[PDB]
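Chemist: Attaching a single structure in structure tokens format; questions to follow.
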Amino acid sequence: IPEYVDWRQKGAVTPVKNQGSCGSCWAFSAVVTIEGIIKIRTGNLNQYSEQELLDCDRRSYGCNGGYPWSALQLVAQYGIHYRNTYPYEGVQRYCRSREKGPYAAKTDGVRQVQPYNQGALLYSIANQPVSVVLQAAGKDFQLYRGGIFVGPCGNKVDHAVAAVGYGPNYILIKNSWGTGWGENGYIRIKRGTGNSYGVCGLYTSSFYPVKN
């Protein structure tokens, strides 16, 4: 696998989004992996709807938090609409998928990468964007403006984001707090420290969609 991987350079990452006050990061995280696997398999780059996952995933708790893997399973059991046809409102509403007509994409399943193993995560990122979790409650993560993030932070994971690349000393992360945070909405987090948990708990639970 390469020394550097960056899926934005390969045309598989859409613009950075802002979730607002709503704790919908789980939906935002699932969507960037869907957007990425569709580009890799069909060559078409499209934006998909986080709002549809916020309203229709009833294993999650809307704006109070939820699960990246249930949103991904939902897209494999049913499908998802374009972002354009089901735009983001920032509040959980009624599941309006039937009213929006035919689904725009549907996946063949979801897989988990082997937890607490840096090599497993690098090998999946070199194949597609992956949904990852980390601890973001710390003041250091919140006030990050740029550079390689070394912490400090513990392992109490609370936020879902998407890994879209890596380099010799970092993993490239797309976050959903808009462009006014970090490196235009991205963070580069330190890798290669021998710590199995990952800095800020990055190797705790990682998932990706399958499309044949």
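Heads up, residue numbers simply count up from 1 along the chain you see.
Positions of Cβ are set from backbone N, Cα and C atoms, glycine also.
Okay, so Swiss-Prot annotates it like this:
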type: DISULFID; residues: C22-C63; note: disulfide bond
type: ACT_SITE; residues: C25; note: active site
type: BINDING; residues: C25; note: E64 binding site
type: BINDING; residues: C25; note: leupeptin binding site
type: DISULFID; residues: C56-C95; note: disulfide bond
type: DISULFID; residues: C153-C200; note: disulfide bond
type: ACT_SITE; residues: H159; note: active site
type: ACT_SITE; residues: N175; note: active site
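Structural setting of the listed features?
Modeler: Non-local contacts of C22 (disulfide bond) by the CB criterion (under 8 A, 6+ apart in sequence, same chain) comprise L54, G62, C63, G90, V91, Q92.
The Cβ neighbour count for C25 (active site), using a 10 Å radius and every protein chain shown, is 23.
Secondary structure at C25 (active site), taken from DSSP and collapsed to helix, strand or coil, is helix.
Listed in sequence order, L74, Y78, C95, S97 are the same-chain residues six or more apart from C56 (disulfide bond) with CB atoms under 8 A from its CB. Taken residue by residue with DSSP, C56 (disulfide bond) is part of a helix.
The local packing around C200 (disulfide bond), expressed as other Cβ atoms within 10 Å of its Cβ over all shown chains, amounts to 28.
DSSP assigns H159 (active site) to a strand in the three-state reduction. For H159 (active site), the same-chain residues 6+ apart in sequence whose C-beta sits under 8 angstroms from its C-beta are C25, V133, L134, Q135, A136.
The C-beta environment of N175 (active site), restricted to residues of the same chain at least 6 apart in sequence and closer than 8 Å, consists of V16, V161, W181, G182, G185, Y186, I187.
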Chemist: Say we define neighbours as other CB atoms within 10 Å of the CB. Which of the disulfide-bonded residues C63, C95, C153 has the fewest?
Modeler: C95
Chemist: With DSSP assignments reduced to helix, strand and coil, which class does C63 (disulfide bond) get?
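Modeler: The residue in question, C63 (disulfide bond), is helix (DSSP, three-state).
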